[PDB]
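Colleague: The structure under discussion is supplied below as structure tokens; questions concerning it will follow.
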Amino acid sequence: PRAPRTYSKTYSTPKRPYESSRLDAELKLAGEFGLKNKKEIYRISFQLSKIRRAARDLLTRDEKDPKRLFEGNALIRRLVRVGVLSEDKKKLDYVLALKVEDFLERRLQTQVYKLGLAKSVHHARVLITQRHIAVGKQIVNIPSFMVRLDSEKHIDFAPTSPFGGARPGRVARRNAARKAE
Amino acid sequence: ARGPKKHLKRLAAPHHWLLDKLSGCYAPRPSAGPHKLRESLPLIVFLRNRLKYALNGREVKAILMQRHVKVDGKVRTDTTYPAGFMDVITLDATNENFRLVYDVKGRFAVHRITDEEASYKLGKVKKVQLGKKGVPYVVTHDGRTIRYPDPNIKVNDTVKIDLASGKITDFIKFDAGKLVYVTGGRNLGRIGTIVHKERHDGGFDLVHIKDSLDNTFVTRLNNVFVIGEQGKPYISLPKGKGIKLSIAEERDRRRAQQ
Amino acid sequence: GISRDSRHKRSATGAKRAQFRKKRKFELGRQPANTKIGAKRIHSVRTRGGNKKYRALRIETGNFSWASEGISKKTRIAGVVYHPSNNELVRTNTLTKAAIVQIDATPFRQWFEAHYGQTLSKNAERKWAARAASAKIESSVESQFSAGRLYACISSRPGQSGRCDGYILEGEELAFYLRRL
Amino acid sequence: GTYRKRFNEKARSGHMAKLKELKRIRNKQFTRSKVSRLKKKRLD
RNA sequence: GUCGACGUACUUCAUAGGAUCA
RNA sequence: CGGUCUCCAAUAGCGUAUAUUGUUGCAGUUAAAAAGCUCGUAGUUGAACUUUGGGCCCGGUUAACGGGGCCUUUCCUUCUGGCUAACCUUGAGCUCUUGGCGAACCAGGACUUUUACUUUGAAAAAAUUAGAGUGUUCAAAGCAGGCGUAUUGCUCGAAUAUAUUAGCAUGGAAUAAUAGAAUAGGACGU
RNA sequence: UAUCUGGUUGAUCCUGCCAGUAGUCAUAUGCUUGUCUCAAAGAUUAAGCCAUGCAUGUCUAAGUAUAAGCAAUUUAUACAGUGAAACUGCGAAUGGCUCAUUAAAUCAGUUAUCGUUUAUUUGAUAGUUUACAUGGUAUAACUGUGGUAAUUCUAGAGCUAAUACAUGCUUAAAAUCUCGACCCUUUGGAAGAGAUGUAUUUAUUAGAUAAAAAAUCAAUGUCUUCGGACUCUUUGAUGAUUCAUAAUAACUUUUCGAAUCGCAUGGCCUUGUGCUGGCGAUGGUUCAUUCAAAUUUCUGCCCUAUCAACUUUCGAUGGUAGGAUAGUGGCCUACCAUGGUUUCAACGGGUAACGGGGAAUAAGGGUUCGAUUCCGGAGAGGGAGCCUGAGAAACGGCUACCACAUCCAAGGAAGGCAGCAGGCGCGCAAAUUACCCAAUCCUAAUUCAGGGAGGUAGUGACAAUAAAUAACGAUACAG
Ligand SMILES: [Mg+2]
Ligand SMILES: [Mg+2]
Ligand SMILES: [Mg+2]
Ligand SMILES: [Mg+2]
Ligand SMILES: [Mg+2]
Ligand SMILES: [Mg+2]
Ligand SMILES: [Mg+2]
Ligand SMILES: [Mg+2]
Ligand SMILES: [Mg+2]
Ligand SMILES: [Mg+2]
Ligand SMILES: [Mg+2]
Ligand SMILES: [Mg+2]
Ligand SMILES: [Mg+2]
Ligand SMILES: [Mg+2]
Ligand SMILES: [Mg+2]
Ligand SMILES: [Mg+2]
Ligand SMILES: [Mg+2]
Ligand SMILES: [Mg+2]
Ligand SMILES: [Mg+2]
Ligand SMILES: [Mg+2]
Ligand SMILES: [Mg+2]
Ligand SMILES: [Mg+2]
Ligand SMILES: [Mg+2]
Ligand SMILES: [Mg+2]
Ligand SMILES: [Mg+2]
Ligand SMILES: [Mg+2]
Ligand SMILES: [Mg+2]
């Protein structure tokens, strides 16, 4: 038979889901960023936990260790590239200082809201899922799309979208035809 | 099993072939030939996954049946012929010649050579013995039996073989200071110079090799292949000249060139 | 029916082993070929690989070698006189390796008479004179020569090669076997 | 596993035979229903 | 046979103490 | 009598039932568990001691730290072979050169207490695990790909680590065993 | 357990206690089930039973076509294109499936074959034995005559081929060794007749050496300056061999050493269908190599001591010789000894025991799971035994027995889904009796044919990724 294809879980249930403070924190996060469910928050928390555990394990290694140098430099480069970590904080200690909000801000939903293309996080989500947002020349319909620093300046309305210079949607030309008739 | 096997699973194939794990369920089993199964590169992998001339096995067969491929100066038509180390592959239509030499990573490289360098190869003398009628002969690492050898040729020496006649033109003794190429183990693909051969009776002899950067490593004698005197190899060497570079140095160079 | 497996035997500790697998062809055996003196009967046996084994079911002549004189002649086999493994092979006249047999002495007598010009043209006399120094032989061999039957020992395996070759006993070996007889 | 109950012992009689032989060799050192048993006891 | 012993599985009884107040 | 409602949890997922010993490191007076007592085989365990210290040289890291050499009563022995340093000397200008002597080093044969322990190197298939690179539209993944382009084309990868015990090679010589000269049947020899 | 909730009284605090609240994974089950990527399909310890269909065939210029086959034709009066059937060769021993047995057995790492077989590939390798080319010691397909209810049943008669079967020649010189007519008695010589490659069997010999010099006995060879003199004198590998190799004497129901095929028509001439000659295919001995096989050294397995002695009559431990095997070996036989294992746990028993790579959990030590994508082992309903072949103790090969079970005219004949689909095992339930060789690779005489191997799609939310079910305003009503 053919060789297996790998798969993995991108989220995990927290140790105590029922903590009242935790429930309030999830409520605030979902409301601020317009997240659909607690699964997305768990996903970002799982990613952050993985990153911080890797950073801690590297820190346990003695300085100048080739493994520490190579892996820590790669990790810091990735975090700086995605935008979570600022340029001036290029150390493993500041990697442990990251928070879920830093990742959530980089989502294409929040970026579309912030850049002024949308009036709310929910309006940004609707614009994304309806194929109105293009990062460069590529239409992206995934709200969880993580925007890189270089990609940040190229978010715009898609060429095919009615807002981006294409013809009006079905409703607009429908109403125009009915008015004309 | 009740007899020899005829199939080879992709996951069971040699790693250095670099085959996709999802492309299919089977991999080309090298037919019997000069080189061992795990030390060989079947022509299908070379023509398809390395040169990219053929897009599928059928196109490889179409190429071979046109008799466009020569291995060591002789035309081969078998898709899974086990081409191996130091084998000269000639494509006259493309006017191209290749020598199968490991790169530092341990994988057969696409190394192009000149026509003059494609006229000969090198062979490690695996055995020296008298045949029938008292005619001495040498058996090399690719299974070539060459009769009437120079008496000075002994085991572990390297003989330069002319492909047109299959006769020994020159030979190199195994001694300290000789340039060697590692053909097995985790040091596969490295080039260095012998420093000392540690001899153990009834066991495996070990050789200490010093590379150009002064690093030293120990390897079993079976994996060593003499290729010339220091700085003067008898064959053109691949890019990097068999020097291992740490991951950090590779990163630095890659960023520099990019 | 016959098998050469070691599994069916008890372990060195005395444990009774269980059956690991069914009997295999590559560990087979075949019925013994009790070769006997008589008109030649030999039949081939097809063995592992393409190789062939010849079964001497009967044979009445053999190539026996006189080692001291460095010769060998084809002679008739009179009969088995002594066998070290078992006596029933002696009783039944079964030819097997190491069996002590009696062979017709005529060809050896003829050769010795021709070679040395002795008993047990100018060129012939010259050659006899040259070889005169070696004429003397052991007394025990010459007594047998007078008898007409020489003691010999079979060095071939008749049930494998199909041959009943051997050599005439001499010296200490002859003395030992005469004592045993 | 050697002498475990089989679904259809009759269909593999030969197999059973081997087991018996094995037992006779293995346990040679020693040899050298509820209702039925209770019924025998009460009858006695 | 509402039989004895054992093995196994369960049920149950033993929780309030110090300080203030009325 | 007639007559033909609100909130909470998860969310394309949610519910129900069954199931799910102490080496590090347990306890033994009074609430589990010290055998009535002694002897004793296997097993486990078992006092101390034998080269310590001192004087110099060399080259490394960041005045400390580690690594090598000598000397100090301390060098394995022997034979053979290969090369040959230095040392004596002639001659020509510290360098060549004549002729002796040939240490060190290397190769081999004899000669040889045995292990435990630990360091280093090979070996321990691929897949899997960790992990580097890569905008599969994101991701799970995959080992892809990337850059120019009127024309013919160029080019980076497919890294790296882990893997117990046993076997092999190697540096240590602390700790714990093992053998030796006592009727000398001992060591050495030009 | 932690956190949180509640109860412990006439009430409120502070302790303590009690009850409920944690977890993924596994099994079974219920309700719901829109989109994209992706992926799996065991289980009554029942390795229990199977209707039906398929799953292994294969031809190039290069083995054999007067098919009374097709189409082309005078490129072909031996054939010549294509080609059913059949002979010949190869494959069918790979792949796919299941985990029954198996507790130093398998398996993991590590060794050995100086202990053996090896189709095939790759490299070498054969002047030594009517030929302008031998037979039926011969048949298939086919023609024709038939039996049977029935099967991949086949009987008689007539034909005819080969890379089938069986035979059998052709090719240089030299050297050496034997047997020696004859001349001659020498220090003797010698016409001639034979023998020699390989393979098998046996016996014998060589396969040297830590380094230097002499005297004679016997045989006896080159030489000069007739006196004595006589040099460079041949030997590979291993840690190690009776090794590689060579030599002598024979032996063999005894082998091999091309009676084969395709394409092309070059060079010499004394002009003959004379001599010579190219590129390939297929066979063939031996050696080496490759794919493998067999055996093998060391260490490592869960519960059990209320299993303490076991093995040895019928091989258990070892020796000698033989037999057998491809080969070592008590593997077996004959004769011998009395040995071998064990409290450092033998032997016996249990295993819902195939082993490993791996999976889960855990802070670390540990504990558990592993039929299940790769590797290795074993099996094809249960025992047993074999033909063929390089390779099988084969089962989509054969024979018997045990249990089941199909057809039958009752005389006989045919069986093995733990292969892909699909059924039964209950009266209660779960993927399609689907398409294809396009990719991966495998088989063949072979680019072309075949491949339920494999891929493609279909089908219960297996396990996983992403993610719609509305967004922006105005008006209205109410606290
Ligand atoms: Mg559109
Ligand atoms: Mg060896
Ligand atoms: Mg004691
Ligand atoms: Mg002590
Ligand atoms: Mg180890
Ligand atoms: Mg339902
Ligand atoms: Mg809906
Ligand atoms: Mg759509
Ligand atoms: Mg025709
Ligand atoms: Mg056939
Ligand atoms: Mg058992
Ligand atoms: Mg073992
Ligand atoms: Mg073949
Ligand atoms: Mg060949
Ligand atoms: Mg006939
Ligand atoms: Mg024997
Ligand atoms: Mg016996
Ligand atoms: Mg298990
Ligand atoms: Mg089982
Ligand atoms: Mg398993
Ligand atoms: Mg089988
Ligand atoms: Mg069945
Ligand atoms: Mg069978
Ligand atoms: Mg079947
Ligand atoms: Mg099968
Ligand atoms: Mg099925
Ligand atoms: Mg052919």
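Numbers in chain B come straight from Swiss-Prot, and the residues shown are 2-259, in order.
Any Cβ shown, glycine's included, is placed from N, Cα and C.
As annotated by Swiss-Prot, phosphoserine applies to B:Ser32, B:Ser247, with the evidence given as a large-scale study or a structure entry. Taken from Swiss-Prot, the feature domain 'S4 RNA-binding' applies to B:42-105. What Swiss-Prot records for B:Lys62, B:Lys134, B:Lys161, B:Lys168, B:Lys174, B:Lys179, B:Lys211, B:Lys233 is ubiquitin cross-link. Summarising the annotation, Swiss-Prot assigns phosphothreonine to B:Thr115 and lists a large-scale study or a structure entry as the type of evidence.
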Colleague: What Cα-Cα separation, expressed in whole Å, is found between B:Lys179 (ubiquitin cross-link) and B:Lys233 (ubiquitin cross-link)?
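Modeller: On Cα coordinates alone, these residues lie 10 Å apart.
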Colleague: So for B:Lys174 (ubiquitin cross-link), how many other CB atoms are inside 10 Å of its CB?
Modeller: 12
Colleague: What subset of the recorded positions B:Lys161, B:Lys168, B:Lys174, B:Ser247 has a Cβ positioned less than 8 Å from a Cβ of chain A?
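Modeller: Cβ contacts with chain A under 8 Å: B:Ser247.
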Colleague: Specify the nearest of the recorded sites B:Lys134, B:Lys168, B:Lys211 to B:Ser247 (phosphoserine), where nearness means the distance between Cα atoms.
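Modeller: Checking each of B:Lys134, B:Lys168, B:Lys211 against B:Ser247 (phosphoserine), the shortest Cα distance is to B:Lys211.
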Colleague: Could you round the CA separation between B:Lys161 (ubiquitin cross-link) and the residue listed as 'phosphothreonine' to a whole angstrom and send it over?
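Modeller: For B:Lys161 (ubiquitin cross-link) versus the residue listed as 'phosphothreonine', the Cα atoms are 16 Å apart.
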Colleague: Would you please pick out, from the recorded sites B:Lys134, B:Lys161, B:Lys179, B:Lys211, B:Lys233, the one with the fewest other Cβ atoms within 10 Å of its Cβ?
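Modeller: Output over recorded sites B:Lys134, B:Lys161, B:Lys179, B:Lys211, B:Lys233: least Cβ neighbours within 10 Å is B:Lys134.
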Colleague: Show me the subset of B:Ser32, B:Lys168, B:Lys233 whose Cα is within 10 Å of B:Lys174 (ubiquitin cross-link); these are the recorded positions I mean.
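Modeller: So far as Cα distances go, none of the recorded positions lies within 10 Å of B:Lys174 (ubiquitin cross-link).
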Colleague: Within the chain of B:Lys168 (ubiquitin cross-link), which residues six or more apart in sequence place their C-beta under 8 angstroms from its C-beta?
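Modeller: Non-local contacts for B:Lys168 (ubiquitin cross-link): B:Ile147, B:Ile162.
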Colleague: Using DSSP, tally how many residues of the domain 'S4 RNA-binding' (B:42-105) sit in helix, strand and coil.
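Modeller: Tallying H, G and I as helix, E and B as strand, the rest coil: 17 helix, 21 strand, 26 coil.
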Colleague: Among B:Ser32, B:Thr115, B:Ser247, all listed as modified residues, which has the most CB atoms within 10 Å of its CB?
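Modeller: That would be B:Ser32, with the most Cβ atoms nearby.
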Colleague: Roughly how many Å lie between the Cα atoms of B:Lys233 (ubiquitin cross-link) and B:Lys211 (ubiquitin cross-link), rounded to a whole value?
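Modeller: Just about 16 Å between their Cα atoms.
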Colleague: From the Cα of B:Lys62 (ubiquitin cross-link) across to the Cα of B:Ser32 (phosphoserine), what is the distance in angstrom?
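Modeller: About 15 Å separates the two Cα atoms.
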